[PDB]
Amino acid sequence: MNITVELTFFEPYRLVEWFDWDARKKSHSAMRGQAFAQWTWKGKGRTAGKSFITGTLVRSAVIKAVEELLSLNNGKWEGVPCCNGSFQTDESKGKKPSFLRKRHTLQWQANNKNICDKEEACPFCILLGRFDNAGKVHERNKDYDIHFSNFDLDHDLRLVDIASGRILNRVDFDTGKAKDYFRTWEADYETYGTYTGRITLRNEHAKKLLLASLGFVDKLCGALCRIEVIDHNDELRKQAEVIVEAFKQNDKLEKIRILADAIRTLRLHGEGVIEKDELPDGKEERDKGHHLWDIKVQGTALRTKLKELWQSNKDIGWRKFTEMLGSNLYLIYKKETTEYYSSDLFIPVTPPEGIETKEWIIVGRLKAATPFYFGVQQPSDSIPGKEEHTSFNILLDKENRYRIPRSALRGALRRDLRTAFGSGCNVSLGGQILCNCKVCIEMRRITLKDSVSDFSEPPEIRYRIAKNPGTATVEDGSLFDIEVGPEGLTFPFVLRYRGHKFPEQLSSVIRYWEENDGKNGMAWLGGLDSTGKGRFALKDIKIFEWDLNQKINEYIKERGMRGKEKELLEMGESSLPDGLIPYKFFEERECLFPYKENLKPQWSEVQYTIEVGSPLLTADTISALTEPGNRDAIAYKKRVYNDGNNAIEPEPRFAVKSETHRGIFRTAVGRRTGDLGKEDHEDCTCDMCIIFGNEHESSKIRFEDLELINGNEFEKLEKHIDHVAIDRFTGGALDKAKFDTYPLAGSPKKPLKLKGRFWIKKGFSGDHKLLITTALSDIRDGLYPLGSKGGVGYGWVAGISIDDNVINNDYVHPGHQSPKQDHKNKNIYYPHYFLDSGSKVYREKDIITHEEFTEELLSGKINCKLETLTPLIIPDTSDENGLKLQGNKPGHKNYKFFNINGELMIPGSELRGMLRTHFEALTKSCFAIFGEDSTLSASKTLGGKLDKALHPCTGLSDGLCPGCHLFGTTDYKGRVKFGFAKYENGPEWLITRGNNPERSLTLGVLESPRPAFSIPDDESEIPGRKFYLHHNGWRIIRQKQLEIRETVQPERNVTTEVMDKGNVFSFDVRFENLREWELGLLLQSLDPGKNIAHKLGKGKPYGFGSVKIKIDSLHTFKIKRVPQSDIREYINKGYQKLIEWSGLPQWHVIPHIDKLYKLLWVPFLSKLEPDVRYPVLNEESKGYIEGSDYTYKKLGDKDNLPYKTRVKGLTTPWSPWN
RNA sequence: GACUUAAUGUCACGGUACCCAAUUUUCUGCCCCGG
Ligand SMILES: [Mg+2]
Ligand SMILES: [Zn+2]
Ligand SMILES: [Zn+2]
Ligand SMILES: [Zn+2]
Ligand SMILES: [Zn+2]
């Protein structure tokens, strides 16, 4: 007599390839998956087949359930008693069973009236098949008193349709690294989770118990069960290959990788980012467009090629098309550039009479308190049919919902239970006996569920670099990315303990994982916990219990709520099933001893807030390539799930990444102990390797995101700051070298508050805790700016708040003779002159590394004030209509003064480039920026005519010039960081009555500098660095301010906010690992003399920007305030370095230093007021004084003066040109 | 039926795809003579 019987899975069950019992021992995977669902191949080719569950496995589960049920009812079921059965086949009697039981079999007291034999037997002996005609060798199906047929899948079927190959893990508790790994085929329970078979039972005497047993089997094939009675990829890989080939024709293979990431980010922007062409077009200055999306692939641009690819691949979705194209591009870029599976003994266990076995069900929501990462292999390597990387995908199910797998949740629960108990074993994989440590005994009663989320938007991608310790730049080829689900994402957490009493340790773990009003949830599920990926908070926790000793038939009838825990969590006490009563004495964490002693002090919280008084640019490089806008650098923002809104929040939260926070702390620790300078970290017991982990041991500190909590306070949170690179010989810039960053608008009196936190392991040393707070103090002092452009002055830490739950230079330059002998100022000088430095540039291959704070070298901070001697123009070029007067005059660019959050600033890029020009001129160093590609009108280019040692330092194989050594190189971070100059005291603006904005002041037209005047013929070379005189031609501009607005066209001049002379700024120069002479030369580059000033900003040939830097304080840590005498010692030892390069310090003895200081001499600092201005173009030109003969026709003609005397008059500072 | 089990004995829910890695380095939004 047969019954048909269907078993339904409710989580992804495990599938293995079917092998027969003799050939099953050859493969370790099938030895592992004896208890799994088997998969055989219907035809040849190893691509299609049939899945089934063996009847021996279902019979093993039913017999285990029968043992548990008869132990719960003390050997009886519905009146008829059962004996203890048999589980000991003698080898002398016959062949052993194919599966030998290793567990502790539950054996009760046998109270049957008669012994069990062929004529009469108990339901235990009958369901076991003790006394039937069937045996170890199967002949016919009619010899079975009880028969379990194979359970065939109820739905040719291919393996890739049903299963996904997944690598599991075995993480060591002491080290945190996986000891080994193994593979399963996690099969789709939603489509192929129903398996139908037949059970043939002959006599009815063991019938009802069997219908009990089908209601009591909770596990088959690695999943929860209810058992009831009754090609685009090939063509896209080809097109990605031809895209990689077209990029390799341009030698842009290294961009292909980030292109893959860019395409893998395009799934977050929908179809319209390609259909409506919202890809960035690149800067309009460069005629070639975008550096990535306008690359010609087979004659057409990459944006239109991607349009054609999407139009050819509209059959698959946009997410699948972008994921497959980015995966193919990453795989082609990767191509072009341990595994462990697995004396019989019968162990009877008799529980005491009167004991109460119960089943606790703990249901809750597993909210992601942090962005989470559950690791999976690449889908090219995770093919179930066919069986180092740098791009890592998060784990998803068949419909791209995020999942917490049962294995990862179970391993994290095992780790936390090993923490809660004092002791714990490492899980042996082939023990014939059960492990007797407390963690294994408690987790043998614990069952969980594979959680999946109701949210399926694509993961954010976290991009990560390793900084080179020596150069403090990105290590080449070390960029790698992972995929994160958002924080706030909730997962249905299911736990089920099957035991006599609920353990104190597991309740301590559940209170440890749960979040409260003053407690953080602490379920570290997933990967990269060191970067704080996957800290989950348990919430909405409800525990109920089935009292299985007396209320067992309605545990069987409801099947333990094994498919409706989602129903169980929402619904309340009134609709609860019979036998399932809520759990009242779940003990709180205030009196749970293994929580308070072992779990609560295990990870100590240090939460703090970083006040950043600078703009903050943690660059999202891929997001600059996918989001619309022409910004090369935008701040990092991340997607955060809102559980209340059940969606991603519409505003992304700006944050400094937890990996950036972790790396900042890691270099802060490793620099103070010198552990960053180690060439390798393998089996290292260094302080940085103990605290932050290595490739063999996990980190004992965990870092979360520095989330910006101040972002609602700023009116415009993202400030636009556009920088440009200034040529050294032409005073203008290069349009192709312009780059605009988009940092967060941070500033001194309106700082960015960044809420970050890190967790410390229990057992930190007295030393290592002091290293951690010393790293925190180093960040607090401002040693480590956050994000990019730290040398430019971005992301500077003004301070750190810890939560309660945790001089003048006395040198006077003589100047030039002609302005001092001209009291009436009838001489007219050129607005710029060229520093006549030779071709000798000293280069050092002994490059000072950034990996440690060297004792003999000097590191500190210079507090400098900045006094404007003439009015200063630092334009805010983000708004080309910052003064709002383009409506009256179209095309007339008008800028405000540079300001972040209303308060007035000078960027440290301007100060840094100015001091870089002064230091490069001071040290006779290389022309670090030059227009190589420009031609004159001629046989050679501009860069060809420049000297070879005057060329910019490219790479660190050759030496670096002192300007390139101090301020940096593309391959080497600079050792000086120039802060943004805040404004304190002065007259603020230069008010002029003729202007409609009295703050503003229009200047003359600023045309491009002409090297044809400076280099007249082919024989003349580059004369030198162009510097501008310190004069008061701004007074001349102010006098003819009425005439300027009509004599020239509006689209040729600019009207800008102008800060008056006498204004005081304050800026910090944080210097790092400088020599004794380098600090002195830098301090001399700040304050060169009594009558020496500096020129920065717009209007330098017009007299604007004459600024005086004087130093209040030099602070040096090894923290102390350096006195005046040691400052003079540093400056004097820099002076001796200048003499040994040339071969009270008197600077004018050095000829090029004398010429540079004469260029930067201030004649009006006295009664001198020289009028210097450019000559007019012709005799009939505007602003020409008649009889002066100061037209450009006179100086341009070689008959009036020779070419060489014009070059000599351009190289002589303050030489009279009239 | 068979693909596809063996039946007096399947802890495989017996195993966290773990572990390490600062998307940053460099760059004054600058400016005068020809056609
Ligand atoms: Mg039998
Ligand atoms: Zn019996
Ligand atoms: Zn154990
Ligand atoms: Zn180390
Ligand atoms: Zn250089």
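Below, read A as the first sequence line, B as the second, and so on, with proteins coming before strands; counting in each chain starts at 1.
- Residue-to-nucleotide contacts include a donor-acceptor pair under 3.5 Å from the side chain of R415(A) to the base of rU16(B).
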| query | Where along nucleotides 29-35 of chain B does protein come under 4.0 Å, by heavy atom, of base (B) or sugar-phosphate alone (S), with - for untouched nucleotides? | reply | BBBBBB-
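- Taking the six-membered ring where the residue is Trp, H661(A) and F703(A) present perpendicular rings, their angle passing 60° and hence far from 30°.
- Ring geometry for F536(A) versus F372(A): interplanar angle of 30 to 60°, hence tilted.
- Stem regions annotated for RNA chain B: none, counting only runs of 3 or more consecutive pairs of Watson-Crick or G-U type with both contacts under 3.5 Å.
- The shortest distance between the side-chain N/O atoms of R464(A) and the OP1/OP2 oxygens of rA21(B) is below 4.0 Å.
- Residue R666(A) places at least one side-chain N or O under 4.0 Å from the OP1 or OP2 atom of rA21(B).
- In terms of phosphate contacts, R406(A) brings a side-chain nitrogen or oxygen within less than 4.0 Å of OP1 or OP2 of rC13(B).
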| request: Could you run through nucleotides 2-7 of chain B and give me one letter per nucleotide, 5' to 3': B if any protein heavy atom sits under 4.0 Å from the base, S if only the sugar-phosphate is that close, - if neither? | output: -BBBBB
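- Distance from the side chain of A619(A) is smallest to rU24(B) among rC18(B), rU24(B), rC13(B).
- Bases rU25(B) and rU26(B) qualify as stacked neighbours, criterion being ring centres under 5.5 Å and ring planes under 30°.
- Under the stacking criterion of a centre-to-centre distance below 5.5 angstrom and an interplanar angle below 30°, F182(A) sits stacked against the six-membered ring of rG15(B).
- At the phosphate of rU25(B), neither OP1 nor OP2 sits under 4.0 Å from any side-chain N or O atom of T970(A).
- Closest contact between the side chain of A466(A) and the listed nucleotides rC19(B), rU16(B), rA21(B) involves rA21(B).
- Here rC30(B) counts as north. Its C1'-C2'-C3'-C4' torsion is positive.
- Contact between the side-chain N/O atoms of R410(A) and the OP1/OP2 oxygens of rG15(B) is found at a separation under 4.0 Å.
- An OP1 or OP2 oxygen of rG9(B) is reached within less than 4.0 angstrom by no side-chain nitrogen or oxygen of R130(A).
- Nucleotide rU25(B) shows a positive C1'-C2'-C3'-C4' value and thus a north, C3'-endo-like sugar.
- Below 30°, between 30° and 60°, or above 60°: for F1013(A) and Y830(A) the angle between ring planes is below 30°, a parallel geometry.
- Close to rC18(B), at under 4.0 Å from its OP1 or OP2, lies no side-chain N or O of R170(A).
- Between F346(A) and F87(A), the ring-plane angle classifies as parallel under the 30° and 60° cut-offs.
- Residue-level contact check: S407(A) touches the backbone only, with heavy atoms under 4.0 Å from sugar-phosphate atoms and none from bases.
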